[PDB]
file structure_15.txt (compact mmCIF, C-alpha atoms)
# COMPACT_ATOMS: atom_id res chain seq x y z
CA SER M 6 0.00 0.00 0.00
CA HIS M 7 2.71 2.46 0.93
CA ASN M 8 4.88 1.11 -1.80
CA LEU M 10 1.83 5.26 -2.79
CA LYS M 11 5.57 5.77 -3.24
CA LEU M 12 5.23 4.46 -6.87
CA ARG M 13 2.83 7.30 -7.61
CA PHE M 14 5.78 9.71 -7.03
CA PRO M 15 8.31 9.79 -9.84
CA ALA M 16 11.54 7.90 -9.10
CA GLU M 17 13.59 11.07 -8.73
CA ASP M 18 11.33 12.44 -5.98
CA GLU M 19 11.88 9.19 -3.97
CA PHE M 20 15.55 8.72 -4.74
CA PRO M 21 17.68 9.28 -1.62
CA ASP M 22 20.10 12.18 -1.24
CA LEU M 23 23.43 10.43 -0.83
CA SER M 24 25.67 13.35 -1.64
CA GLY M 25 27.76 13.21 1.53
CA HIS M 26 27.93 9.51 1.87
CA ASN M 27 30.77 7.03 2.22
CA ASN M 28 29.18 3.65 2.09
CA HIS M 29 29.03 0.71 -0.28
CA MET M 30 25.41 1.19 -1.06
CA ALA M 31 25.84 4.84 -1.99
CA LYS M 32 28.77 3.91 -4.26
CA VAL M 33 26.48 1.58 -6.31
CA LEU M 34 22.96 2.99 -6.18
CA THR M 35 22.36 5.10 -9.24
CA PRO M 36 19.15 6.79 -10.20
CA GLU M 37 18.58 4.16 -12.92
CA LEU M 38 19.23 1.25 -10.56
CA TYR M 39 16.79 2.71 -8.07
CA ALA M 40 14.19 3.19 -10.77
CA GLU M 41 14.72 -0.42 -11.88
CA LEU M 42 14.36 -1.88 -8.36
CA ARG M 43 11.89 0.34 -6.50
CA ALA M 44 8.74 -1.45 -7.53
CA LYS M 45 10.05 -4.89 -6.64
CA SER M 46 9.45 -6.76 -3.42
CA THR M 47 10.24 -10.10 -1.83
CA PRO M 48 7.45 -12.48 -0.82
CA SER M 49 7.55 -11.11 2.74
CA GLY M 50 7.22 -7.57 1.36
CA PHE M 51 10.88 -6.40 1.72
CA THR M 52 11.61 -3.59 -0.75
CA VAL M 53 14.73 -1.78 -2.02
CA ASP M 54 13.88 1.16 0.27
CA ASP M 55 14.02 -1.31 3.12
CA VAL M 56 17.32 -2.63 1.92
CA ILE M 57 18.97 0.80 1.73
CA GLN M 58 17.48 2.66 4.68
CA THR M 59 20.40 2.23 7.05
CA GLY M 60 22.80 3.59 4.36
CA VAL M 61 20.58 6.52 3.68
CA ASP M 62 20.52 7.41 7.39
CA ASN M 63 24.14 6.68 8.13
CA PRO M 64 26.59 8.40 5.77
CA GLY M 65 29.66 6.57 6.96
CA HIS M 66 32.86 8.24 8.05
CA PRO M 67 35.49 10.16 6.09
CA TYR M 68 37.95 7.31 6.68
CA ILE M 69 35.73 4.27 7.13
CA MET M 70 33.32 3.02 4.52
CA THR M 71 30.32 1.22 6.00
CA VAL M 72 28.16 -1.28 4.10
CA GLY M 73 24.95 0.78 4.10
CA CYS M 74 22.38 -1.90 3.41
CA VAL M 75 20.79 -5.12 4.76
CA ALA M 76 18.86 -8.12 3.63
CA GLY M 77 15.36 -8.62 5.18
CA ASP M 78 14.94 -12.27 4.19
CA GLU M 79 16.69 -14.94 2.12
CA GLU M 80 15.05 -13.82 -1.10
CA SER M 81 16.45 -10.31 -0.77
CA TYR M 82 19.84 -11.33 -2.15
CA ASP M 83 18.12 -12.59 -5.38
CA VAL M 84 15.30 -10.05 -5.83
CA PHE M 85 17.83 -7.20 -5.26
CA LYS M 86 20.89 -8.83 -6.78
CA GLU M 87 21.50 -5.92 -9.07
CA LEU M 88 22.32 -3.93 -5.94
CA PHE M 89 23.78 -6.56 -3.66
CA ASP M 90 26.07 -8.12 -6.32
CA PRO M 91 28.23 -5.01 -6.92
CA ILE M 92 28.35 -4.34 -3.21
CA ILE M 93 29.49 -7.92 -2.51
CA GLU M 94 32.11 -7.67 -5.26
CA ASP M 95 33.40 -4.37 -3.85
CA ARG M 96 33.39 -5.48 -0.22
CA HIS M 97 34.69 -8.98 -0.81
CA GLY M 98 37.73 -8.23 -3.05
CA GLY M 99 36.25 -8.88 -6.45
CA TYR M 100 33.85 -11.72 -5.55
CA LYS M 101 31.78 -12.20 -8.69
CA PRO M 102 28.18 -13.21 -9.24
CA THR M 103 29.41 -16.47 -10.80
CA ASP M 104 31.87 -17.35 -8.00
CA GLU M 105 31.32 -20.32 -5.79
CA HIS M 106 31.62 -20.41 -2.02
CA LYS M 107 32.83 -23.59 -0.42
CA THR M 108 31.77 -24.55 3.05
CA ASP M 109 34.12 -26.74 5.13
CA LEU M 110 33.30 -27.38 8.77
CA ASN M 111 35.46 -30.54 9.18
CA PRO M 112 38.11 -29.87 11.80
CA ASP M 113 40.10 -32.89 10.60
CA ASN M 114 41.00 -30.70 7.59
CA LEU M 115 42.76 -28.14 9.83
CA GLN M 116 46.49 -28.80 10.13
CA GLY M 117 48.16 -28.13 13.46
CA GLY M 118 47.03 -25.25 15.66
CA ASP M 119 46.71 -27.40 18.82
CA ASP M 120 49.86 -25.70 20.00
CA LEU M 121 49.90 -21.88 19.50
CA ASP M 122 52.54 -20.63 21.93
CA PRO M 123 50.74 -19.73 25.19
CA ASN M 124 53.48 -17.37 26.30
CA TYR M 125 52.12 -15.30 23.38
CA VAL M 126 48.47 -16.36 22.79
CA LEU M 127 46.33 -15.50 25.71
CA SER M 128 43.13 -16.74 24.14
CA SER M 129 41.44 -18.26 21.12
CA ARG M 130 37.97 -17.77 19.67
CA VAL M 131 35.89 -18.70 16.66
CA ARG M 132 32.60 -16.89 15.97
CA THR M 133 29.94 -17.13 13.25
CA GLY M 134 26.24 -16.33 12.57
CA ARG M 135 23.34 -18.38 11.21
CA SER M 136 19.92 -17.70 9.82
CA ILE M 137 16.96 -20.13 10.02
CA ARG M 138 15.32 -20.64 6.62
CA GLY M 139 11.62 -19.65 6.35
CA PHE M 140 11.91 -16.68 8.68
CA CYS M 141 12.63 -13.05 7.89
CA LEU M 142 15.93 -11.60 9.07
CA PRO M 143 16.05 -9.25 12.04
CA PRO M 144 15.47 -5.94 10.17
CA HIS M 145 12.09 -7.28 9.10
CA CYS M 146 10.99 -10.25 11.32
CA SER M 147 7.70 -9.97 13.12
CA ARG M 148 7.29 -10.61 16.87
CA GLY M 149 5.83 -14.01 15.96
CA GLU M 150 8.70 -15.02 13.78
CA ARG M 151 11.21 -13.97 16.37
CA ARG M 152 9.42 -15.90 19.16
CA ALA M 153 9.36 -18.94 16.92
CA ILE M 154 13.08 -18.75 16.29
CA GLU M 155 13.74 -18.40 19.97
CA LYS M 156 11.56 -21.43 20.80
CA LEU M 157 13.31 -23.59 18.20
CA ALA M 158 16.76 -22.51 19.26
CA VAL M 159 16.18 -22.84 23.06
CA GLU M 160 14.61 -26.33 22.57
CA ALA M 161 17.62 -27.48 20.52
CA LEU M 162 20.21 -26.05 22.91
CA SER M 163 18.47 -27.50 25.96
CA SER M 164 19.00 -30.95 24.45
CA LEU M 165 22.71 -30.68 24.40
CA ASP M 166 24.70 -32.62 27.02
CA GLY M 167 28.20 -33.53 28.00
CA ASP M 168 30.75 -30.91 27.09
CA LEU M 169 27.89 -28.76 25.67
CA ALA M 170 25.36 -29.07 28.52
CA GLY M 171 24.23 -25.52 29.27
CA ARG M 172 21.54 -23.05 30.11
CA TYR M 173 19.53 -20.18 28.70
CA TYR M 174 19.06 -16.63 29.98
CA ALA M 175 16.17 -14.69 28.37
CA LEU M 176 17.00 -10.99 28.55
CA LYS M 177 13.47 -10.02 29.78
CA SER M 178 13.88 -12.15 32.96
CA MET M 179 17.59 -11.84 33.57
CA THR M 180 18.44 -10.92 37.18
CA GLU M 181 20.89 -8.29 38.22
CA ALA M 182 23.18 -10.99 39.61
CA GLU M 183 22.93 -12.98 36.36
CA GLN M 184 23.67 -9.84 34.38
CA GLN M 185 26.71 -9.04 36.42
CA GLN M 186 28.04 -12.63 36.01
CA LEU M 187 27.47 -12.45 32.19
CA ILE M 188 29.34 -9.14 32.03
CA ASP M 189 32.26 -10.67 33.97
CA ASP M 190 32.11 -13.63 31.48
CA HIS M 191 32.05 -11.17 28.45
CA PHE M 192 28.88 -12.99 27.35
CA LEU M 193 26.30 -10.13 27.69
CA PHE M 194 24.60 -8.22 24.87
CA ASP M 195 22.23 -5.33 25.30
CA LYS M 196 19.99 -3.40 22.93
CA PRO M 197 22.16 -1.97 20.14
CA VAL M 198 23.22 1.60 20.31
CA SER M 199 24.80 1.63 16.88
CA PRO M 200 22.77 3.83 14.61
CA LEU M 201 23.77 1.47 11.75
CA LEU M 202 21.76 -1.24 13.36
CA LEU M 203 18.97 0.92 14.82
CA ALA M 204 18.12 2.47 11.46
CA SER M 205 17.39 -0.97 9.95
CA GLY M 206 14.45 -1.68 12.28
CA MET M 207 16.24 -4.61 13.85
CA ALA M 208 15.84 -3.43 17.47
CA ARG M 209 12.02 -3.46 17.48
CA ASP M 210 10.21 -5.03 20.49
CA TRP M 211 13.45 -5.22 22.52
CA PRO M 212 13.96 -7.37 24.61
CA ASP M 213 11.21 -9.66 23.33
CA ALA M 214 12.57 -13.07 22.27
CA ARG M 215 16.25 -12.16 22.77
CA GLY M 216 18.56 -14.23 24.99
CA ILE M 217 21.89 -15.78 25.78
CA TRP M 218 22.76 -19.47 26.04
CA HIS M 219 26.10 -20.82 27.18
CA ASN M 220 27.55 -24.18 28.17
CA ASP M 221 28.40 -24.84 31.80
CA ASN M 222 32.09 -24.93 30.91
CA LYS M 223 31.87 -21.35 29.42
CA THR M 224 33.56 -22.38 26.23
CA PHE M 225 30.48 -22.18 23.92
CA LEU M 226 28.07 -19.28 23.64
CA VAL M 227 24.99 -18.55 21.58
CA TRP M 228 23.17 -15.28 21.20
CA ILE M 229 19.61 -15.48 19.98
CA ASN M 230 17.83 -12.85 17.90
CA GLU M 231 20.35 -10.03 18.09
CA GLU M 232 21.97 -8.89 14.80
CA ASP M 233 21.19 -12.27 13.22
CA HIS M 234 19.00 -15.16 14.26
CA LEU M 235 21.98 -16.93 15.89
CA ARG M 236 25.50 -15.95 16.80
CA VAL M 237 27.62 -18.95 17.79
CA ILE M 238 30.99 -18.63 19.55
CA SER M 239 33.59 -21.13 20.73
CA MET M 240 36.34 -19.79 23.04
CA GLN M 241 38.90 -20.61 25.69
CA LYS M 242 42.07 -19.45 27.31
CA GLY M 243 45.34 -20.28 25.58
CA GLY M 244 46.41 -21.44 22.25
CA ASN M 245 44.58 -24.62 21.31
CA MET M 246 42.74 -23.12 18.36
CA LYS M 247 42.23 -26.65 17.00
CA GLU M 248 40.28 -27.57 20.16
CA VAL M 249 38.36 -24.28 19.84
CA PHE M 250 37.44 -24.98 16.21
CA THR M 251 36.61 -28.58 16.97
CA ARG M 252 34.08 -27.59 19.58
CA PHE M 253 32.77 -24.86 17.21
CA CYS M 254 32.05 -27.36 14.43
CA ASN M 255 30.75 -29.95 16.94
CA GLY M 256 28.23 -27.55 18.46
CA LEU M 257 27.09 -26.27 15.05
CA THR M 258 26.46 -29.75 13.78
CA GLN M 259 24.55 -30.87 16.76
CA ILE M 260 22.38 -27.75 16.57
CA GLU M 261 21.89 -28.14 12.82
CA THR M 262 20.85 -31.81 13.17
CA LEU M 263 18.33 -30.92 15.91
CA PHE M 264 16.81 -28.24 13.66
CA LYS M 265 16.75 -30.69 10.73
CA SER M 266 14.76 -33.15 12.82
CA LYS M 267 11.96 -30.48 12.93
CA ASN M 268 12.49 -29.77 9.20
CA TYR M 269 14.32 -26.48 9.72
CA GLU M 270 17.43 -25.63 7.76
CA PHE M 271 20.13 -22.96 7.90
CA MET M 272 19.90 -20.41 5.10
CA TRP M 273 22.68 -21.35 2.69
CA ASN M 274 23.44 -21.52 -1.05
CA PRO M 275 26.53 -22.38 -3.08
CA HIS M 276 27.18 -18.81 -4.19
CA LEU M 277 26.87 -16.83 -0.94
CA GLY M 278 27.34 -19.61 1.59
CA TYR M 279 25.46 -18.90 4.85
CA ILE M 280 23.03 -16.03 4.49
CA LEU M 281 23.07 -13.26 7.14
CA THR M 282 21.70 -9.75 7.40
CA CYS M 283 24.74 -7.71 6.40
CA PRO M 284 26.50 -8.49 3.12
CA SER M 285 29.86 -8.17 4.94
CA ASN M 286 29.17 -11.33 6.88
CA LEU M 287 28.30 -13.67 3.98
CA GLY M 288 29.99 -16.92 3.06
CA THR M 289 31.25 -18.17 6.42
CA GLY M 290 30.29 -15.29 8.70
CA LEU M 291 33.44 -16.36 10.50
CA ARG M 292 35.94 -14.59 12.66
CA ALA M 293 38.64 -16.67 14.20
CA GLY M 294 40.97 -14.79 16.46
CA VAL M 295 43.60 -14.68 19.05
CA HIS M 296 44.49 -12.23 21.74
CA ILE M 297 48.23 -12.15 21.31
CA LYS M 298 51.15 -10.42 23.08
CA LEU M 299 53.28 -8.82 20.36
CA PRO M 300 54.97 -5.82 22.17
CA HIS M 301 57.85 -5.57 19.67
CA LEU M 302 56.01 -6.28 16.38
CA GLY M 303 53.30 -3.94 17.73
CA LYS M 304 55.52 -0.90 17.27
CA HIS M 305 57.08 -2.15 14.02
CA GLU M 306 56.71 -0.37 10.69
CA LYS M 307 56.13 -3.42 8.46
CA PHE M 308 53.52 -5.08 10.85
CA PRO M 309 50.58 -3.70 8.88
CA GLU M 310 52.13 -5.25 5.71
CA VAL M 311 52.82 -8.56 7.43
CA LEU M 312 49.14 -8.76 8.47
CA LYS M 313 48.04 -7.87 4.97
CA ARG M 314 50.22 -10.52 3.37
CA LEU M 315 48.87 -13.04 5.91
CA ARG M 316 45.22 -12.08 5.06
CA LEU M 317 44.91 -11.10 8.68
CA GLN M 318 43.48 -8.08 10.61
CA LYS M 319 44.01 -6.49 13.95
CA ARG M 320 41.90 -4.64 16.48
CA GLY M 321 42.02 -4.04 20.31
CA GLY M 331 49.53 -1.94 24.90
CA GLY M 332 51.05 -4.59 22.55
CA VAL M 333 48.15 -7.05 23.10
CA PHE M 334 46.29 -7.34 19.72
CA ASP M 335 43.07 -9.11 18.72
CA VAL M 336 44.19 -10.65 15.40
CA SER M 337 41.81 -12.54 13.09
CA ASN M 338 41.13 -13.53 9.56
CA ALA M 339 40.10 -10.71 7.24
CA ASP M 340 38.23 -12.79 4.68
CA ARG M 341 34.64 -14.10 5.01
CA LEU M 342 33.38 -15.17 1.55
CA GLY M 343 35.14 -17.39 -1.07
CA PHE M 344 37.28 -19.03 1.61
CA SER M 345 36.13 -22.02 3.63
CA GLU M 346 35.96 -22.03 7.44
CA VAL M 347 38.95 -24.47 7.55
CA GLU M 348 40.86 -22.20 5.09
CA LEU M 349 40.26 -19.19 7.34
CA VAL M 350 41.16 -20.91 10.58
CA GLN M 351 44.24 -22.32 8.83
CA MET M 352 45.29 -18.80 7.77
CA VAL M 353 45.05 -17.69 11.40
CA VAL M 354 46.96 -20.71 12.74
CA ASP M 355 49.79 -20.43 10.14
CA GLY M 356 49.85 -16.60 10.32
CA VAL M 357 50.13 -16.55 14.13
CA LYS M 358 53.07 -18.99 14.14
CA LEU M 359 54.87 -16.67 11.84
CA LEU M 360 54.04 -13.54 13.82
CA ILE M 361 55.49 -15.16 16.90
CA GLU M 362 58.66 -16.07 14.98
CA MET M 363 59.09 -12.44 14.00
CA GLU M 364 58.33 -11.23 17.50
CA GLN M 365 61.12 -13.56 18.72
CA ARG M 366 63.58 -12.16 16.19
CA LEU M 367 62.71 -8.68 17.45
CA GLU M 368 63.10 -9.80 21.09
CA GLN M 369 66.65 -10.93 20.19
CA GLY M 370 67.31 -7.61 18.51
CA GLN M 371 67.38 -9.43 15.15
CA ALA M 372 66.06 -8.43 11.74
CA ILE M 373 62.76 -9.84 10.42
CA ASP M 374 62.91 -8.42 6.94
CA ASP M 375 63.61 -11.78 5.34
CA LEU M 376 60.52 -13.35 7.02
CA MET M 377 58.22 -11.09 5.01
CA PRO M 378 55.69 -13.53 3.46
CA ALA M 379 54.48 -13.67 -0.10
CA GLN M 380 51.03 -12.19 -0.49
CA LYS M 381 48.52 -14.96 0.30
call {"tool": "encode", "arguments": {"input": "structure_15.txt", "output": "structure tokens"}}
result
Amino acid sequence: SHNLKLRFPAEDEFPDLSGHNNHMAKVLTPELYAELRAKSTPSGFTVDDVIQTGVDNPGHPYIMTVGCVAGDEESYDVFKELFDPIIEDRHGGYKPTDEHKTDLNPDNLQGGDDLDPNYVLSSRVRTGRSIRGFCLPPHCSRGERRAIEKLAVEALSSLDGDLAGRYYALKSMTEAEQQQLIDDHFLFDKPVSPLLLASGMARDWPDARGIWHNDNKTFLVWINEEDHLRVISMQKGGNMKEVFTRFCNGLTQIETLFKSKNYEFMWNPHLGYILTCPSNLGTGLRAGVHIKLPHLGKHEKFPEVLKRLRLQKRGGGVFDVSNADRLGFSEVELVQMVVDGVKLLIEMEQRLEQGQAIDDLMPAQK
């Protein structure tokens, strides 16, 4: 009914993106908008819905945001003329005809049981999943969201052994529970990012949002936040293989429990696992270490070494280092790049501790 909009000429509806630094604004032309503005997915998601967050949020002079979302699985097909250039730009030339390979077999990961714990304080692997048949968080109704929560909580409650756990719904969380989850670094709250708020994803908060974690505090699931599920495996030290093993183990057990009720993860062979933001497609995966690199930290070539290693850093020489890629590399490929990359970083750190050069250890661009 409101898509009333189509009675206005395209140019009167077309967003003013003059200031903007985001992927959407780089691709959305007046002709593209005219081509796509009458279209909708079966759940009613439109190109205005796709682009709203990028209209509202112009990015930063020095940081390009994505500037759009999917509202359902179909969005990536119905609006491919928009998403495809964005995905190619964001994902280093990933083409519409490229194939994504999924690989969640930890036997395929070589080594990484052993990352030096005088350097690696901690290891983590995180992803997201969407449940097929439901709209994504920008667009999901209260009913859809409740249904997702019920499915997820029922599956997780079935898990035993190493993955026995419990669920904390945000609406009923106590102050003591909250404080314990903060100390655990397990808590999420309503988003304050305007990138997320502008998409409609925070509606009805805290309805049907919660946190599940295993008793051992090595496996964590967030339900109905940025994506239907966020799934994290973590522990102290340097056994990234153990971390990834538990990660794949938990995912498969969940996935099989959903399958028993005829629910599937959203997935295809081109984009891999489907999630709300195009930046998270393919694997949705961030595998990281918190790593003590005081010397390499201050070193001039360190940004290049990370680049060659296909690695990234964030948060006074403790760095959170992870894989940069998400799409067109398998989960095993990404975790392997972290494992292999970290061993080399530590080698270089050790040169620098000895007052030695590292120049010759500069790796070929992966």
call {"tool": "residues_near_point", "arguments": {"input": "structure_15.txt", "point": "(32.3, -12.9, -12.5)", "cutoff": "12 Å", "atoms": "all atoms listed in the file", "output": "list in words"}}
result
residues 90, 91, 93, 94, 98, 99, 100, 101, 102, 103, 104, 105 and 276 of chain M
call {"tool": "atom_distance", "arguments": {"input": "structure_15.txt", "atom1": "CA of residue 191 (chain M)", "atom2": "CA of residue 260 (chain M)"}}
result
22.6 Å
call {"tool": "closest_residue", "arguments": {"input": "structure_15.txt", "among": "M:169, M:131, M:153, M:142", "to": "residue 349 (chain M)", "atoms": "all atoms listed in the file"}}
result
M:131
call {"tool": "closest_atom_pairs", "arguments": {"input": "structure_15.txt", "of": "region 227-296 of chain M", "to": "region 205-208 of chain M", "cutoff": "12 Å", "atoms": "only C-alpha atoms", "output": "Markdown table"}}
result
| residue | atom | partner | partner_atom | distance |
| --- | --- | --- | --- | --- |
| M:230 | CA | M:207 | CA | 9.3 |
| M:231 | CA | M:207 | CA | 8.0 |
| M:232 | CA | M:207 | CA | 7.2 |
| M:233 | CA | M:207 | CA | 9.1 |
| M:234 | CA | M:207 | CA | 10.9 |
| M:282 | CA | M:207 | CA | 9.9 |
| M:283 | CA | M:205 | CA | 10.6 |
call {"tool": "atom_distance", "arguments": {"input": "structure_15.txt", "atom1": "CA of residue 379 (chain M)", "atom2": "CA of residue 278 (chain M)"}}
result
27.8 Å
call {"tool": "closest_residue", "arguments": {"input": "structure_15.txt", "among": "M:176, M:38, M:226, M:367", "to": "residue 213 (chain M)", "atoms": "all atoms listed in the file"}}
result
M:176
call {"tool": "axis_aligned_box", "arguments": {"input": "structure_15.txt", "around": "region 368-373 of chain M", "padding_each_side": "4 Å", "output": "JSON"}}
result
{"center_x": 65.1, "center_y": -9.3, "center_z": 15.8, "size_x": 12.6, "size_y": 11.3, "size_z": 18.7}
call {"tool": "residues_near_point", "arguments": {"input": "structure_15.txt", "point": "(12.1, -11.7, 20.3)", "cutoff": "10 Å", "atoms": "all atoms listed in the file", "output": "PyMOL selection string"}}
result
chain M and resi 143+146-156+175-177+208-216+229-231+234
call {"tool": "closest_residue", "arguments": {"input": "structure_15.txt", "among": "M:247, M:13, M:366, M:86", "to": "residue 42 (chain M)", "atoms": "all atoms listed in the file"}}
result
M:86
call {"tool": "closest_residue", "arguments": {"input": "structure_15.txt", "among": "M:160, M:15, M:67, M:360", "to": "residue 267 (chain M)", "atoms": "all atoms listed in the file"}}
result
M:160
call {"tool": "decode", "arguments": {"input": "structure_15.txt", "residues": "region 252-291 of chain M", "atoms": "C-alpha atoms", "output": "CSV table (one decimal), in the first residue's frame"}}
result
chain,number,residue,atom,x,y,z
M,252,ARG,CA,34.1,-27.6,19.6
M,253,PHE,CA,32.8,-24.9,17.2
M,254,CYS,CA,32.1,-27.4,14.4
M,255,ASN,CA,30.7,-30.0,16.9
M,256,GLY,CA,28.2,-27.5,18.5
M,257,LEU,CA,27.1,-26.3,15.1
M,258,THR,CA,26.5,-29.8,13.8
M,259,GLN,CA,24.6,-30.9,16.8
M,260,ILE,CA,22.4,-27.8,16.6
M,261,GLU,CA,21.9,-28.1,12.8
M,262,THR,CA,20.9,-31.8,13.2
M,263,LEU,CA,18.3,-30.9,15.9
M,264,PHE,CA,16.8,-28.2,13.7
M,265,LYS,CA,16.7,-30.7,10.7
M,266,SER,CA,14.8,-33.2,12.8
M,267,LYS,CA,12.0,-30.5,12.9
M,268,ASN,CA,12.5,-29.8,9.2
M,269,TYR,CA,14.3,-26.5,9.7
M,270,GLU,CA,17.4,-25.6,7.8
M,271,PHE,CA,20.1,-23.0,7.9
M,272,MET,CA,19.9,-20.4,5.1
M,273,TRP,CA,22.7,-21.4,2.7
M,274,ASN,CA,23.4,-21.5,-1.0
M,275,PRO,CA,26.5,-22.4,-3.1
M,276,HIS,CA,27.2,-18.8,-4.2
M,277,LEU,CA,26.9,-16.8,-0.9
M,278,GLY,CA,27.3,-19.6,1.6
M,279,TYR,CA,25.5,-18.9,4.8
M,280,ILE,CA,23.0,-16.0,4.5
M,281,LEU,CA,23.1,-13.3,7.1
M,282,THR,CA,21.7,-9.7,7.4
M,283,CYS,CA,24.7,-7.7,6.4
M,284,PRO,CA,26.5,-8.5,3.1
M,285,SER,CA,29.9,-8.2,4.9
M,286,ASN,CA,29.2,-11.3,6.9
M,287,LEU,CA,28.3,-13.7,4.0
M,288,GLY,CA,30.0,-16.9,3.1
M,289,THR,CA,31.2,-18.2,6.4
M,290,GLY,CA,30.3,-15.3,8.7
M,291,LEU,CA,33.4,-16.4,10.5
